[PDB]
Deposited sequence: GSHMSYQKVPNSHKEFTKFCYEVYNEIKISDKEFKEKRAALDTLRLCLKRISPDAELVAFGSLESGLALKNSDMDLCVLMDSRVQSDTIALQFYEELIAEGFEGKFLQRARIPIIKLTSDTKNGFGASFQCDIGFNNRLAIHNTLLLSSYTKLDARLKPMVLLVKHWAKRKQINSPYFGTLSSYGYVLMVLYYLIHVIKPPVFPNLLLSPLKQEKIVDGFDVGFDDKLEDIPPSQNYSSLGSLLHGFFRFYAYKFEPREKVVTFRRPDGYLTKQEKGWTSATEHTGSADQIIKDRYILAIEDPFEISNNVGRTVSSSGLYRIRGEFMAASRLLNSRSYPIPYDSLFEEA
């Protein structure tokens, strides 16, 4: 079956998804921050990426922003200018620089009324993030099942304490890639084609990486997989519990059969290996510690055992229970 679980998944889905109210306020916040960027640099543009842009936003979602500008004009200079205007226009935060990369983190708003805990990361010419977002965006437009499946997984990972990059587990982005990897290269029939391996894929080099994928979405045949949201979620939890091999294998979008060893890629941290689609040198699972992996796997198994329990009624609610 999975009929009751599907029903339940849709019920939690509507409680966790960003409302139209929060969405509209986040979009007003952006209008504001753009006015501040105009007063500093007329030519620079401010773009959003991440969950809000792709449509994979939970409630209480942080904003991920990037400033695009002429690469020849140096980004440490106008970053600071932007920071000072944000401060002056009533924003609180930090101005930072890891290596050569400048970052502003806005932590609060004291005047324009976007919250006492308004959280917002601003980068400068982080072009790859935009592209990563385009990819996730396109997939979301391709199948109506993706979006609810992702937010459920994110909610799950957050609830199970397995969604902390700084504490030895995996980022949200990392979980989205695992979802996509499952939907493309594991489930049969596949729910999604691999857009990066499309015959129609035009090459586009950005910052040294090929960010090309097939974006003419309308021309793509709909999925010949007809599984319910529940079925898919069960398949997902089953695959990473029992089938997938973290020690030998890499989650990839560069192989037509999704088959990649850690060794081919030279990834002997690499406890969990997820190859970023475009920034292929970047391992998204790099934050996953040894004990982090144990917990991540333990949760994948428990989730499978639950969904497969014979003790009726199945306490589906325990799929989302704190720690």
item: Segments lacking C-alpha coordinates (deposited sequence numbering, starting at 1); value: 1 to 11, 280 to 294
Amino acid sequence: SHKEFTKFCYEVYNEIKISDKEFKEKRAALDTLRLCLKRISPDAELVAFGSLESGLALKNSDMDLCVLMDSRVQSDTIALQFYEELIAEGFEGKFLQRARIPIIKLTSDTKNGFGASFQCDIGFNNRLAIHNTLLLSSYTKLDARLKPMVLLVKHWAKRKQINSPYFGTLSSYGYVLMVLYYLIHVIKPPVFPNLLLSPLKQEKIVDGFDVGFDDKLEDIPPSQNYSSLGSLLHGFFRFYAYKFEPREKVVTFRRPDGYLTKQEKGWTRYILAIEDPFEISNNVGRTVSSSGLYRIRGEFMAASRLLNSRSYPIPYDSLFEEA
From here on, numbers count along this sequence of modelled residues.
{"query": "Of 41 to 49 and 66 to 74, the stretch whose C-alpha atoms average the higher B-factor in the entry", "finding": "66 to 74"}
{"query": "Higher-B stretch (mean Cα B-factor, as the entry records it), 96 to 104 or 149 to 157", "finding": "96 to 104"}
{"query": "From 231, 172, 252, 119, residue of greatest CA B-factor", "finding": "119"}
{"query": "Out of 163, 227, 137, 202, residue topping the C-alpha B-factor column of the entry", "finding": "202"}
{"query": "CA B-factor ranking of residue 112, expressed as a third of its chain", "finding": "highest"}
{"query": "Record-listed C-alpha B factor of residue 54: chain third", "finding": "middle"}
{"query": "Third of chain Cα B-factors occupied by residue 60", "finding": "highest"}
{"query": "Residue 284 - Cα temperature factor, lowest/middle/highest third of chain", "finding": "lowest"}
{"query": "Residue 35 by Cα B-factor - lowest, middle or highest third of the modelled chain", "finding": "highest"}
